[PDB]
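Participant: I have a structure I would like to understand better, so I am pasting it below and will then ask my questions one at a time.
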Amino acid sequence: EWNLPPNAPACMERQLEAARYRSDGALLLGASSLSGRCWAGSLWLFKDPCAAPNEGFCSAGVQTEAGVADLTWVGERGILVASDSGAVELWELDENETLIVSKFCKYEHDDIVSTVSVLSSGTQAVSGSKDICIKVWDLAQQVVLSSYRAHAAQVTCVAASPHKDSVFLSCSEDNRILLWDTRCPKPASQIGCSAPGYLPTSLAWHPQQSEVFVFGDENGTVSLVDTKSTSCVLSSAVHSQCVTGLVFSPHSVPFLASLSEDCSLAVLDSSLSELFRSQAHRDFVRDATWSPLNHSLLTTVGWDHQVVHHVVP
Amino acid sequence: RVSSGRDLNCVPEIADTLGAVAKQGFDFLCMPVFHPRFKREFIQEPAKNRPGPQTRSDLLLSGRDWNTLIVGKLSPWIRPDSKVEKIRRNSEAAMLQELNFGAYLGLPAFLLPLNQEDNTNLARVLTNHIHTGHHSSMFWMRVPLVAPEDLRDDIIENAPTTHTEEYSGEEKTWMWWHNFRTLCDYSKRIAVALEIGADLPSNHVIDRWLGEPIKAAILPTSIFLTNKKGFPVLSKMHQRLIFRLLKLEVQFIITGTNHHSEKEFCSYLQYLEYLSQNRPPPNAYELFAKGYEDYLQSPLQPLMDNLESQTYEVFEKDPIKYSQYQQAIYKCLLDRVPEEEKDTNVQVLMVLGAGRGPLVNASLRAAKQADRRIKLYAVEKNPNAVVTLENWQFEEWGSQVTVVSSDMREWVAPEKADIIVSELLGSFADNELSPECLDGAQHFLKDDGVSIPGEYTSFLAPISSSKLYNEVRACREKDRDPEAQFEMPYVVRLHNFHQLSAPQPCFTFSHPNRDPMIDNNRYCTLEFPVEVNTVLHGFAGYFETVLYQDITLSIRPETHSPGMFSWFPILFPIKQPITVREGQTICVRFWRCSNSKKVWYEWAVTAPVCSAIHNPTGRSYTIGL
Ligand SMILES: O=C(NC[C@H](O)CN1CCc2ccccc2C1)c1ccnc(NC2CCC2)c1
Ligand SMILES: Nc1ncnc2c1ncn2[C@@H]1O[C@H](C[C@@H](N)CC[C@H](N)C(=O)O)[C@@H](O)[C@H]1O
């Protein structure tokens with residue numbers, strides 16, 4: 001309680017959902033209250049990454065109406081939020097960067113919005129929900145351009161391609177990983193290994209090859225997939241439980257951060273061999289973000305309310 | 001007025017949320033009891049030892065509010081039938097936890113989804129919970145008219161939506177529910193929350209839910225069309241389903257966000273209220289039968305027991321049965337005595353089973369309408385009704401009516417009758433032993449004498465109803481055969497059922513019966529063409545009767561008499577439900593049996609599969625002579 005600036009809440013809810021480093025080195029935090037009297041959420045900015053999760057030494061903060069199931073940076077001051085309320089909302093950062101103010105809040109999904117990703121241009125975004133739909137957004141115009149009901153069960157993850165504004169991945173509990181291209185009349189294409197295995201839970205594009213990606217399944221296995229091959233290249237049983245997220249390092253030859261509900265972090269090479277493992281968390285590990293300033297520094301958040309900074313070999 | 005609720009998957013503050021939905025006009029709320037995203041671990045450390053609280057407090061609402069306003073929802077992450085063992089285990093425990101919490105709170109209902117084919121383990125865990133402790137919560141199964149896989153946009157290049165139509169394939173959703181409630185052994189605690197879609201399926205797969213225990217109908221906001229003034233309305237075929245559901249009486253549940261931001265949320269509800277206010281009002285029949293829906297009544301013993309004063313009182317109010325009888329006597333008098341004889345020929349009329357005397361009055365009204373003269377006998381075996389009769393004949397009727405206190409099979413008549421009038425009919429026509437009674441009494445009808453009624457015919461139709469099948473099952477008593485409930489017919493205002501084929505004639509009786517050897521025993525085979533997939537739970541009985549010539553009474557739905565509440569259908573159940581496929585023929589066999597002391601029915605199904613012969617020997621049900 002050193003400061004806690006104007007508009008920022010006095011307290012932060014226990015369940016840390018997302019952590020995202022900005023290009024300038026500042027750290028974005030998304031959090032939910034998943035128990036107790038109030039089931040809400042909050043957004044936080046920490047220009048001092050070591051100061052988190054302490055509400056006292058924060059740059060900015062705000063309370064959302066409902067929980068934060070997912071979020072992402074929009075450029076440098078925009079914050080895009082996947083909400084429990086069914087709404088997708090955009091929060092615009094202050095010019096002094098001390099207030100987080102709502103820009104739009106659009107109630108378009110019929111259920112919890114579980115996943116969001118910003119497309120390469122930064123003008124458009126794709127959201128995924130439990131209402132089984134996937135939606136394409138115009139961020140400047142504050143509207144849905146396209147709505148897609150391709151899946152047969154709730155949407156788990158949507159990930160925009162690094163460089164193509166019309167391509168994105170999506171996976172659902174209907175056991176489908178879909179490769180999208182909204183230029184086609186039939187935009188979705190079912191991509192997998194050979195035989196349908198365990199439900200896909202997490203997706204990450206390669207930061208340099210817009211043609212390869214990794215997917216984690218609910219059984220703790222991480223796999224490498226080539227799009228132009230449609231064959232599963234390499235796979236490893238990384239975790240003992242569901243893989244909830246995958247984040248590549250900003251390195252030349254990138255390392256892969258892998259988080260799981262078994263409360264552990266893993267860092268793997270390009271051939272998916274284990275380099276580092278952290279059991280520093282006592283609850284679910286929810287997000288991982290690599291430091292832009294130090295490329296061997298990696299930050300993880302969990303439902304244990306721990307913000308942890310790792311040093312990776 | 002409709003009873004409706006709001007479905008929500010997001011509740012930041014239970015106090016504020018409930019207030020808002022109440023102000024909007026909803027009767028109840030469907031909400032999670034734990035946070036939908038709050039996945040809990042039960043087995044491996046450290047997530048297992050996650051500091052509490054696990055959810056919010058019961059103290060946040062009054063006991064009354066939990067009991068009447070809240071419907072619980074299972075957490076969407078709970079997958080008891082997952083292929084992953086670890087997820088299977090956690091979901092088993094999480095389901096029990098959430099269910100126990102609902103029971104702890106005293107919730108009136110709790111929602112669980114059927115969103116896939118295999119729900120075996122979900123069924124097992126729920127069955128296990130039902131048989132653990134003491135609670136009376138309803139379990140609503142959320143199941144859609146159309147499966148999500150068969151509703152998806154045709155937008156996957158390498159996986160097209162199989163365009164070739166499938167009659168059975170479009171019915172898969174009913175088989176999801178059917179299998180579930182079979183595994184749970186038709187627990188009376190498991191009902192249906194049917195999810196309506198934008199594309200209503202083909203009309204048959206809608207029929208499928210006819211006769212299932214539907215307690216709620218879920219309407220997503222996304223299915224609502226918008227009119228010229230920007231208000232939510234429904235398609236003509238959607239209105240059709242709504243009216244069918246209103247007739248069945250179900251609760252409606254609005255789900256999804258408000259997709260019409262120009263107006264309030266109560267507008268969706270305003271429309272349902274509008275639709276309910278716009279139904280046709282109850283007819284004369286539905287006003288008297290209003291509270292009898294699917295209520296099973298034990299078979300009456302017409303000869304061994306005596307009817308209560310209040311029983312006679314109710315039926316005497318029938319707007320059609322008596323005037324129809326008056327007209328039948330009116331037509332018969334004219335036909336029997338020509339104009340030139342209107343003062344010389346006095347017709348002898350005998351009311352056999354006169355009750356409290358309304359048919360006697362009907363006979364008097366008929367004679368003074370035909371301008372003919374009659375002599376009345378009023379025979380009644382119920383000595384208590386005889387009281388009413390003799391007070392009537394002293395105060396009003398006079399010597400024109402001779403009251404006889406005896407059984408018609410016994411009464412030694414002083415003279416022979418021109419016309420015998422009787423109303424001895426049960427719901428299956430001959431199930432109050434009208435044949436046997438009029439047979440023992442016809443010896444005092446003149447050789448050219450008329451019997452009113454002249455003849456009667458019973459009818460049968462096969463039916464589907466899990467609702468009624470459960471009601472019969474629940475009629476098990478101590479100190480008798482554990483399966484006797486299934487071997488007797490019930491008088492019931494059939495409501496939540498599906499008729500699987502058109503009624504066909506069963507047994508017929510004519511009066512008088514100048515047959516040399518009189519035999520009332522019967523054996524009849526009926527074949528019922530069925531054109532839907534379904535489950536057979538029993539046979540609805542109806543009847544028709546010829547009073548005189550073209551004057552008739554009927555409870556057969558095709559030819560039913562307007563306003564006549566006096567008879568409800570009968571239900572003949574069967575021990576075990578029988579699967580029937582589209583295009584198959586149901587073959588039933590009915591026997592009418594008897595000895596000197598009693599009359600009973602025996603019945604069996606021979607196709608598509610056999611049932612056990614029901615009620616052999618009258619071991620479970622007879623009607624005493
Ligand atoms: O069908 C029913 N019972 C079978 C009897 O054979 C019906 N008849 C009707 C005419 C009648 C008249 C006088 C005395 C008894 C009876 C029984 C029945 C049972 C319970 N309620 C019924 N209808 C409700 C009365 C208001 C609607 C009909
Ligand atoms: N074998 C019998 N002999 C004389 N009366 C009978 C016999 N069987 C039935 N009844 C009487 O016939 C009546 C049948 C009633 N459904 C009709 C009552 C009356 N006629 C009415 O329509 O309101 C009952 O009052 C019975 O008690």
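Here, A, B, ... name the chains of the structure tokens in the order displayed, residue numbers run from 1 inside each chain, and ligands are numbered from 1 in the same displayed order.
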Set the cut-off to 9 Å and count only C-alpha atoms: what are the residues of chain B that reach chain A? Output as a compact mmCIF listing (two decimals) with C-alpha atoms, in the first residue's frame.
Facilitator:
```txt
# COMPACT_ATOMS: atom_id res chain seq x y z
CA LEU B 8 -27.48 -17.01 -16.68
CA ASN B 9 -23.90 -18.22 -16.63
CA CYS B 10 -22.49 -15.03 -15.06
CA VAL B 11 -23.43 -13.76 -11.57
CA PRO B 12 -21.05 -11.16 -10.03
CA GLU B 13 -23.38 -10.37 -7.12
CA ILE B 14 -26.25 -12.73 -6.22
CA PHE B 34 -19.92 -22.59 -8.02
CA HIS B 35 -18.08 -20.34 -10.49
CA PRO B 36 -18.29 -21.97 -13.97
CA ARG B 37 -14.55 -21.46 -14.55
CA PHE B 38 -13.45 -22.48 -11.05
CA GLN B 44 -3.13 -34.65 -6.50
CA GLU B 45 -1.20 -31.99 -4.58
CA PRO B 46 -0.80 -29.05 -4.43
CA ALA B 47 -4.00 -27.89 -6.23
CA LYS B 48 -5.90 -30.38 -4.03
CA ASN B 49 -5.11 -28.23 -0.97
CA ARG B 50 -6.37 -24.95 -2.46
CA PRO B 51 -7.35 -22.56 0.39
CA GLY B 52 -11.13 -22.05 0.63
CA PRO B 53 -13.86 -20.84 0.41
CA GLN B 54 -14.93 -23.22 -2.39
CA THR B 55 -17.96 -21.07 -3.31
CA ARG B 56 -20.11 -18.26 -1.90
CA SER B 57 -22.28 -18.45 1.23
CA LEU B 60 -26.54 -14.48 1.05
CA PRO B 76 -19.64 -26.78 -17.67
CA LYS B 83 -11.83 -40.38 -22.06
CA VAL B 84 -9.21 -39.06 -19.61
CA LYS B 86 -7.97 -38.05 -14.21
CA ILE B 87 -10.72 -35.78 -15.60
CA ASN B 115 -24.74 -32.78 -24.99
CA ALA B 147 -27.75 -31.78 -31.66
CA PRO B 148 -25.02 -29.10 -31.90
CA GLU B 149 -23.16 -31.19 -34.54
CA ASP B 150 -26.27 -31.20 -36.78
CA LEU B 151 -26.74 -27.41 -36.41
CA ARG B 152 -23.22 -26.21 -37.28
CA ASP B 153 -22.68 -23.85 -40.24
CA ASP B 154 -21.55 -25.71 -43.38
CA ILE B 155 -18.19 -23.90 -43.35
CA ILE B 156 -15.56 -26.63 -42.93
CA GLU B 157 -14.00 -27.16 -46.37
CA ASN B 158 -12.77 -30.73 -45.73
CA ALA B 159 -15.72 -31.78 -43.55
CA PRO B 220 -32.38 -18.78 -26.61
CA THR B 221 -32.76 -15.07 -27.46
CA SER B 222 -31.08 -15.81 -30.81
CA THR B 255 -31.16 -17.90 -22.20
CA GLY B 256 -28.51 -15.78 -23.98
CA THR B 257 -27.82 -12.03 -24.03
CA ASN B 258 -30.32 -9.35 -25.09
CA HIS B 259 -29.83 -9.21 -28.87
```
Participant: Hey, which residues sit close to ligand 2? Say within 7 Å, counting only C-alpha atoms and all ligand atoms, and write them as a list in words.
Facilitator: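 Going residue by residue within 7 Å of ligand 2, we get residues 302, 303, 306, 307, 312, 315, 316, 352, 353, 354, 355, 356, 357, 358, 359, 379, 380, 381, 382, 406, 407, 408, 409, 422, 423, 424, 425 and 437 of chain B.
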Participant: Once you count only C-alpha atoms and all ligand atoms, which residues end up within 9 Å of ligand 1, and could you hand them over as a PyMOL selection string?
Facilitator: chain B and resi 285-292+297+299-300+302+307-308+311-318+321+355-356+423-429+431-432+491-493+564-570
Participant: Could you name the residues that touch segment 532-548 of chain B at 7 Å or less, counting only C-alpha atoms, but leaving out those on the same chain fewer than 5 positions away, as an MDAnalysis selection string?
Facilitator: chainID B and resid 328 427:429 452:465 469 553:556 569:574 577:583
Participant: The selected residues should be written to file as a PDB file, in the first residue's frame (atoms: C-alpha atoms).
Facilitator:
```pdb
ATOM      1  CA  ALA B 328     -83.319 -41.266 -27.517  1.00  0.00           C
ATOM      2  CA  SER B 427     -64.782 -46.052 -19.897  1.00  0.00           C
ATOM      3  CA  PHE B 428     -64.136 -49.258 -21.862  1.00  0.00           C
ATOM      4  CA  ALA B 429     -67.909 -49.605 -22.445  1.00  0.00           C
ATOM      5  CA  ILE B 452     -81.619 -48.026 -24.553  1.00  0.00           C
ATOM      6  CA  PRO B 453     -78.762 -48.136 -25.189  1.00  0.00           C
ATOM      7  CA  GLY B 454     -79.037 -50.489 -28.186  1.00  0.00           C
ATOM      8  CA  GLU B 455     -75.329 -51.339 -28.439  1.00  0.00           C
ATOM      9  CA  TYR B 456     -71.824 -50.291 -27.364  1.00  0.00           C
ATOM     10  CA  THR B 457     -68.318 -50.755 -28.725  1.00  0.00           C
ATOM     11  CA  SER B 458     -64.933 -50.426 -27.008  1.00  0.00           C
ATOM     12  CA  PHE B 459     -61.760 -49.091 -28.634  1.00  0.00           C
ATOM     13  CA  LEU B 460     -58.010 -49.332 -28.160  1.00  0.00           C
ATOM     14  CA  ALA B 461     -55.017 -47.269 -29.236  1.00  0.00           C
ATOM     15  CA  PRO B 462     -51.361 -47.861 -28.312  1.00  0.00           C
ATOM     16  CA  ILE B 463     -49.706 -45.017 -26.394  1.00  0.00           C
ATOM     17  CA  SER B 464     -46.309 -43.708 -25.370  1.00  0.00           C
ATOM     18  CA  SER B 465     -45.860 -42.003 -22.005  1.00  0.00           C
ATOM     19  CA  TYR B 469     -45.583 -45.373 -16.978  1.00  0.00           C
ATOM     20  CA  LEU B 553     -72.510 -41.016 -26.938  1.00  0.00           C
ATOM     21  CA  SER B 554     -68.744 -41.226 -27.458  1.00  0.00           C
ATOM     22  CA  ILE B 555     -65.407 -40.669 -25.711  1.00  0.00           C
ATOM     23  CA  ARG B 556     -63.440 -41.780 -28.782  1.00  0.00           C
ATOM     24  CA  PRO B 569     -60.212 -42.709 -21.032  1.00  0.00           C
ATOM     25  CA  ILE B 570     -59.068 -45.959 -19.457  1.00  0.00           C
ATOM     26  CA  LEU B 571     -55.404 -46.960 -19.401  1.00  0.00           C
ATOM     27  CA  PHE B 572     -54.255 -50.538 -19.760  1.00  0.00           C
ATOM     28  CA  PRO B 573     -50.547 -50.533 -18.844  1.00  0.00           C
ATOM     29  CA  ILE B 574     -47.851 -53.168 -19.579  1.00  0.00           C
ATOM     30  CA  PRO B 577     -41.875 -50.938 -22.024  1.00  0.00           C
ATOM     31  CA  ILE B 578     -41.476 -52.179 -25.604  1.00  0.00           C
ATOM     32  CA  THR B 579     -39.287 -50.566 -28.270  1.00  0.00           C
ATOM     33  CA  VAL B 580     -41.094 -49.864 -31.555  1.00  0.00           C
ATOM     34  CA  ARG B 581     -39.405 -48.750 -34.800  1.00  0.00           C
ATOM     35  CA  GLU B 582     -40.819 -46.658 -37.652  1.00  0.00           C
ATOM     36  CA  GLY B 583     -42.800 -48.876 -40.036  1.00  0.00           C
TER      37      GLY B 583
END
```
Participant: What separation in Å, quoted to one decimal, exists between atom CA of residue 274 of chain B and atom CA of residue 223 of chain B?
Facilitator: 17.2 Å
Participant: Please, which residues of segment 258-491 of chain B, numbered as in this document, come out helix (DSSP H, G or I) from DSSP, as JSON, numbers by chain?
Facilitator: {"B": [266, 267, 268, 269, 270, 271, 272, 273, 274, 275, 276, 277, 284, 285, 286, 287, 288, 309, 310, 311, 312, 313, 314, 315, 321, 322, 323, 324, 325, 326, 327, 328, 329, 330, 331, 332, 333, 334, 335, 336, 339, 340, 341, 358, 359, 360, 361, 362, 363, 364, 365, 366, 367, 383, 384, 385, 386, 387, 388, 389, 390, 391, 392, 393, 394, 395, 396, 397, 398, 399, 400, 434, 435, 436, 437, 438, 439, 442, 443, 444, 466, 467, 468, 469, 470, 471, 472, 473, 484, 485, 486, 487]}
Participant: For atom CA of residue 78 of chain A and atom CA of residue 59 of chain A, determine how far apart the two atoms are, in Å to one decimal place.
Facilitator: 15.2 Å
Participant: Nearest to residue 383 of chain B among B:587, B:107, B:403, B:200, with distances taken over only C-alpha atoms: which residue is it?
Facilitator: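 Closest residue, counting only C-alpha atoms: B:403.
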Participant: Please, what distance in Å, to one decimal, runs between atom CA of residue 615 of chain B and atom CA of residue 586 of chain B?
Facilitator: 19.6 Å
Participant: Mind listing the strand (DSSP E) residues of segment 105-291 of chain A, per DSSP on the backbone, as a PDB file with C-alpha atoms, in the first residue's frame?
Facilitator:
```pdb
ATOM      1  CA  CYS A 105     -18.417  -3.147 -23.995  1.00  0.00           C
ATOM      2  CA  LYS A 106     -20.390  -5.247 -26.482  1.00  0.00           C
ATOM      3  CA  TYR A 107     -22.636  -8.097 -25.316  1.00  0.00           C
ATOM      4  CA  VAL A 113     -16.196 -15.573 -23.708  1.00  0.00           C
ATOM      5  CA  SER A 114     -13.213 -17.842 -23.046  1.00  0.00           C
ATOM      6  CA  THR A 115     -10.556 -16.766 -25.589  1.00  0.00           C
ATOM      7  CA  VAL A 116      -9.334 -13.722 -27.575  1.00  0.00           C
ATOM      8  CA  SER A 117      -6.483 -13.012 -29.998  1.00  0.00           C
ATOM      9  CA  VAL A 118      -5.458  -9.857 -31.874  1.00  0.00           C
ATOM     10  CA  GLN A 124      -9.183  -6.709 -35.903  1.00  0.00           C
ATOM     11  CA  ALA A 125      -9.605  -9.519 -33.372  1.00  0.00           C
ATOM     12  CA  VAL A 126     -11.123 -12.997 -33.071  1.00  0.00           C
ATOM     13  CA  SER A 127     -13.082 -14.117 -29.978  1.00  0.00           C
ATOM     14  CA  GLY A 128     -14.166 -17.623 -28.903  1.00  0.00           C
ATOM     15  CA  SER A 129     -16.911 -18.561 -26.445  1.00  0.00           C
ATOM     16  CA  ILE A 134     -16.273 -17.665 -33.083  1.00  0.00           C
ATOM     17  CA  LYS A 135     -16.540 -13.941 -33.889  1.00  0.00           C
ATOM     18  CA  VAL A 136     -14.456 -11.483 -35.947  1.00  0.00           C
ATOM     19  CA  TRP A 137     -14.275  -7.917 -34.615  1.00  0.00           C
ATOM     20  CA  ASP A 138     -13.619  -4.456 -36.032  1.00  0.00           C
ATOM     21  CA  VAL A 143     -18.752  -4.208 -34.270  1.00  0.00           C
ATOM     22  CA  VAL A 144     -18.806  -7.886 -35.240  1.00  0.00           C
ATOM     23  CA  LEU A 145     -18.019  -8.292 -38.937  1.00  0.00           C
ATOM     24  CA  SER A 146     -18.445 -12.076 -39.071  1.00  0.00           C
ATOM     25  CA  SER A 147     -19.903 -14.752 -36.788  1.00  0.00           C
ATOM     26  CA  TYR A 148     -18.969 -18.413 -37.284  1.00  0.00           C
ATOM     27  CA  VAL A 155     -14.485 -22.992 -28.014  1.00  0.00           C
ATOM     28  CA  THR A 156     -11.318 -23.416 -25.938  1.00  0.00           C
ATOM     29  CA  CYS A 157      -8.679 -21.334 -27.748  1.00  0.00           C
ATOM     30  CA  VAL A 158      -8.335 -18.957 -30.709  1.00  0.00           C
ATOM     31  CA  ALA A 159      -4.904 -17.848 -31.969  1.00  0.00           C
ATOM     32  CA  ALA A 160      -4.300 -15.338 -34.788  1.00  0.00           C
ATOM     33  CA  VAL A 167      -5.660 -16.727 -40.914  1.00  0.00           C
ATOM     34  CA  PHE A 168      -6.137 -18.061 -37.358  1.00  0.00           C
ATOM     35  CA  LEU A 169      -6.258 -21.308 -35.388  1.00  0.00           C
ATOM     36  CA  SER A 170      -9.096 -22.470 -33.129  1.00  0.00           C
ATOM     37  CA  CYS A 171      -9.715 -25.586 -31.050  1.00  0.00           C
ATOM     38  CA  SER A 172     -12.795 -26.905 -29.264  1.00  0.00           C
ATOM     39  CA  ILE A 177      -8.445 -28.009 -34.435  1.00  0.00           C
ATOM     40  CA  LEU A 178      -9.526 -25.659 -37.224  1.00  0.00           C
ATOM     41  CA  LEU A 179      -7.177 -23.760 -39.540  1.00  0.00           C
ATOM     42  CA  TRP A 180      -9.028 -20.671 -40.723  1.00  0.00           C
ATOM     43  CA  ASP A 181      -8.726 -18.430 -43.782  1.00  0.00           C
ATOM     44  CA  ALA A 188     -12.497 -23.502 -41.764  1.00  0.00           C
ATOM     45  CA  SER A 189     -10.270 -26.508 -42.439  1.00  0.00           C
ATOM     46  CA  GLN A 190     -10.004 -29.463 -40.055  1.00  0.00           C
ATOM     47  CA  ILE A 191      -6.368 -30.091 -39.148  1.00  0.00           C
ATOM     48  CA  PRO A 200      -6.934 -29.940 -27.887  1.00  0.00           C
ATOM     49  CA  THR A 201      -6.665 -27.288 -25.151  1.00  0.00           C
ATOM     50  CA  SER A 202      -3.936 -24.804 -26.203  1.00  0.00           C
ATOM     51  CA  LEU A 203      -2.483 -23.347 -29.436  1.00  0.00           C
ATOM     52  CA  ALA A 204       0.674 -21.403 -30.317  1.00  0.00           C
ATOM     53  CA  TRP A 205       1.895 -20.367 -33.777  1.00  0.00           C
ATOM     54  CA  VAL A 212       4.014 -24.412 -38.122  1.00  0.00           C
ATOM     55  CA  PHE A 213       2.254 -24.428 -34.749  1.00  0.00           C
ATOM     56  CA  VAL A 214       2.077 -26.325 -31.459  1.00  0.00           C
ATOM     57  CA  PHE A 215      -0.987 -27.700 -29.674  1.00  0.00           C
ATOM     58  CA  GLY A 216      -1.336 -29.010 -26.130  1.00  0.00           C
ATOM     59  CA  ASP A 217      -3.983 -31.608 -25.345  1.00  0.00           C
ATOM     60  CA  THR A 221       1.004 -33.942 -24.390  1.00  0.00           C
ATOM     61  CA  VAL A 222       2.476 -31.138 -26.518  1.00  0.00           C
ATOM     62  CA  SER A 223       2.676 -31.691 -30.284  1.00  0.00           C
ATOM     63  CA  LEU A 224       4.271 -29.927 -33.278  1.00  0.00           C
ATOM     64  CA  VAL A 225       2.174 -29.612 -36.449  1.00  0.00           C
ATOM     65  CA  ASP A 226       3.107 -28.557 -39.986  1.00  0.00           C
ATOM     66  CA  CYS A 232       2.148 -34.572 -36.838  1.00  0.00           C
ATOM     67  CA  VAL A 233       5.923 -34.076 -36.773  1.00  0.00           C
ATOM     68  CA  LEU A 234       6.919 -34.465 -33.116  1.00  0.00           C
ATOM     69  CA  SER A 235       5.193 -35.041 -29.762  1.00  0.00           C
ATOM     70  CA  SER A 236       6.206 -35.329 -26.106  1.00  0.00           C
ATOM     71  CA  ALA A 237       4.342 -36.137 -22.883  1.00  0.00           C
ATOM     72  CA  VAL A 243      -1.913 -28.134 -21.007  1.00  0.00           C
ATOM     73  CA  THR A 244      -3.578 -24.717 -20.661  1.00  0.00           C
ATOM     74  CA  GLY A 245      -1.094 -22.468 -22.500  1.00  0.00           C
ATOM     75  CA  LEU A 246       1.912 -22.291 -24.831  1.00  0.00           C
ATOM     76  CA  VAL A 247       4.169 -19.236 -25.294  1.00  0.00           C
ATOM     77  CA  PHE A 248       7.281 -18.956 -27.505  1.00  0.00           C
ATOM     78  CA  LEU A 256       8.640 -22.884 -25.806  1.00  0.00           C
ATOM     79  CA  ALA A 257       7.061 -22.079 -22.443  1.00  0.00           C
ATOM     80  CA  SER A 258       4.412 -24.639 -21.463  1.00  0.00           C
ATOM     81  CA  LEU A 259       1.942 -24.244 -18.573  1.00  0.00           C
ATOM     82  CA  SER A 260      -0.404 -26.804 -17.014  1.00  0.00           C
ATOM     83  CA  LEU A 265       6.028 -24.655 -15.844  1.00  0.00           C
ATOM     84  CA  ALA A 266       8.177 -26.236 -18.553  1.00  0.00           C
ATOM     85  CA  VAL A 267      10.551 -24.731 -21.114  1.00  0.00           C
ATOM     86  CA  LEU A 268      11.264 -26.854 -24.195  1.00  0.00           C
ATOM     87  CA  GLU A 274      12.987 -30.511 -21.482  1.00  0.00           C
ATOM     88  CA  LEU A 275      15.396 -27.680 -20.626  1.00  0.00           C
ATOM     89  CA  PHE A 276      13.805 -26.187 -17.492  1.00  0.00           C
ATOM     90  CA  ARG A 277      11.008 -27.012 -15.033  1.00  0.00           C
ATOM     91  CA  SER A 278       9.476 -24.950 -12.231  1.00  0.00           C
ATOM     92  CA  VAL A 285      -0.375 -21.958 -13.739  1.00  0.00           C
ATOM     93  CA  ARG A 286      -2.439 -19.635 -15.934  1.00  0.00           C
ATOM     94  CA  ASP A 287      -0.126 -17.554 -18.158  1.00  0.00           C
ATOM     95  CA  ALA A 288       3.504 -17.032 -19.168  1.00  0.00           C
ATOM     96  CA  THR A 289       5.144 -13.931 -20.644  1.00  0.00           C
ATOM     97  CA  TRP A 290       8.776 -13.530 -21.729  1.00  0.00           C
TER      98      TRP A 290
END
```
Participant: At a cut-off of 9 Å, using only C-alpha atoms, what residues contact residue 415 of chain B? Leave out same-chain residues fewer than 4 positions from it and give the result as a PyMOL selection string.
Facilitator: chain B and resi 348+444-445
Participant: Just want the 10 Å neighbourhood of residue 575 of chain B, counted on only C-alpha atoms, with same-chain residues fewer than 4 positions away dropped. Output as a ChimeraX atom specification.
Facilitator: /B:469,472-473,483-487,537-538,611-614
